[PDB]
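Examining the three-dimensional arrangement
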Amino acid sequence: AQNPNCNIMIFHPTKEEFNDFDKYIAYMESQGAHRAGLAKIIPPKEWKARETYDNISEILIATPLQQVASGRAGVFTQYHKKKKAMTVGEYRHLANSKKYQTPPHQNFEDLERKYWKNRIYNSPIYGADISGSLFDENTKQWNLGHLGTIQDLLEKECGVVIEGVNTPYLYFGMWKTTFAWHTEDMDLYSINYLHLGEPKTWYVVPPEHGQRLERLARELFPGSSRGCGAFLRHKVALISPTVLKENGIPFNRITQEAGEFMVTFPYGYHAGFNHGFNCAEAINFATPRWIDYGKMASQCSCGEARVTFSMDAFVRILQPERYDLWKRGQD
Ligand SMILES: O=C(O)CNC(=O)C(=O)O
Ligand SMILES: [Mg+2]
Ligand code: NI
Ligand SMILES: [Zn+2]
């Protein structure tokens, strides 16, 4: 069995190996990458996403989200308070302001310490989940706007044609902006490209150990657990590495820098934070190996998790027994 300790693997494909996306994902899995839940892909040196980032300031962040925390430093939830619209230029200025900018630090490890110590005492503003793309239409390799769609994958594997579309999302981050512990909708893969700016630190639990994280989460967030049997789908709960170590949950951590891709694998729980002003692009995708995870994915039916149009068909076809109850949650 490849990669039995479930370490995060880093890949350096050649330009020739960067042509065929599906084939490279399948190569990575042949080497055990999926066992970690997360992999890093450094593109060939010849590759670029686009020529420059000099003309992005007029993108609109229609609903910036202020991430307000409650709890203790290592075990907290966050809620998202909607703020007034602002452009990317306005947001970048705010990120760089004395109130919100990254503090002086020695290295990534010192910054990580400061994050876990102090995150709860501040409420950073995240421009998340903005439909769109920063890949140039002429970038032919690993262009997240030109991937094969999940609906076409389901059709190719299972023969059923379904409605729905699959498009990327932009994330504009600042210091302390935070992604809570989650897997993807329907336990899909995700791919994330950091286009510009400061790094993003990731934590991940191997898929084979996801249920250990869930059991801890039910203990640490007992009211949330009673409210919903899949409350991590709400994407609001944070647990520090110190807390995970104290409770013996297996995990790994890695920092993504500008110009690098990360891939999350089916049922790989992940969380993390941004180091300063940045912009990432991400999209879900599927492979043949995903199908069995989609059939087994937990679902939120309490009404909180509220998701895309396109998840309807996945639940309807892969989880017909759950469909009625899940749809009640959606309506
Ligand atoms: O970058 C972020 O805020 C969150 N991204 C992801 O969870 C992902 O790419 O799967
Ligand atoms: Mg612009
Ligand atoms: Ni994710
Ligand atoms: Zn729920």
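Residues numbered from 1 in each chain as written, not as in the entry; some residues may be left out. Chains lettered and ligands numbered in written order. Heavy atoms only, no water. Residues with missing side-chain atoms left out of burial classes, pairs and counts.

Scanning the chain from terminus to terminus reveals 10 helices and 16 strands. Expected size for 331 residues packed as a compact globule is a radius of gyration near 20 Å; at 19 Å, the chain falls within 12% of this value. Along the three orthogonal principal directions, the C-alpha set of the chain runs to about 55 × 50 × 40 Å. Sequence-distant contacts, at least 24 apart, represent 83% of the contacts inside the chain between residues at least 6 apart. (Helix = DSSP H or I, 4+ residues; strand = E, 2+ residues; numbered from the N terminus. Rg over C-alpha atoms; globule rule 2.2 N^0.38 Å. Contact = heavy atoms within 4.5 Å.)

On to the sheet that holds strand 12 (residues 237-239). Pairing in this open sheet of 10 strands is mixed, and the strands run 1-2-14-10-16-8-7-4-5-12 from one edge to the other. Only two strands of the sheet have a single partner each, and these edge strands are strand 1 (9-11) and strand 12. Taken over all neighbouring pairs, the strand axes of this sheet differ in orientation by 25 degrees on average, direction set aside. (Pairing = 2+ DSSP bridges. Axes fitted to C-alpha atoms, helices over the stretch in contact; angles between N-to-C directions.)

Another aspect to go through is the packing of helix 9 (residues 311-318) against helix 10 (residues 320-330). Where helix 9 meets helix 10, the closest approach of the two axes is 6 Å, and the angle between their N-to-C directions is 140 degrees. What the angle tells us is that helix 9 and helix 10 run oblique. Contacts between helix 9 and helix 10 involve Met311, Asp312, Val315, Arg316, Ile317 and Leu318 from the former and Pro320, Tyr323, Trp326 and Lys327 from the latter. (Parallel < 35°, antiparallel > 145°, perpendicular 65-115°, else oblique.)

The protein atoms that coordinate the zinc ion (ligand 4) are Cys228 (SG), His234 (NE2), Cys300 (SG) and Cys302 (SG), at distances of 2.2 to 2.3 Å. Around the zinc ion (ligand 4) sit 4 donor atoms, and with donor-metal-donor angles ranging over 101 to 116 degrees the site reads as tetrahedral. (Donors = N, O, S within 2.8 Å, 3.2 Å for Na, K, Ca; no water. Tetrahedral: all angles 85-135°; square planar, octahedral: opposite > 155°, others 65-115°.)

With that settled, the discussion passes to the site of ligand 1. Around ligand 1, the neighbouring residues are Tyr126, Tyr171, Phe179, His182, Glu184, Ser190, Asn192, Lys200, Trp202, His270 and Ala282. In the environment of ligand 1, an oxygen atom lies 2.7 Å from a nitrogen or oxygen atom belonging to the side chain of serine 190. Within the complex, the protein chains bury 93% of what would otherwise be the 290 Å² of accessible surface of ligand 1. Residue assignment for the shell around ligand 1 shows that the elements contributing at least two residues are strand 9 (178-182), strand 10 (189-197) and strand 11 (200-205). (Near = heavy atom within 4 Å. Polar contact = N/O pair within 3.5 Å; in protein donor to acceptor, adjacent residues only side chain to side chain. Areas by Shrake-Rupley, 256 points an atom, 1.4 Å probe, with all protein chains shown as cover.)

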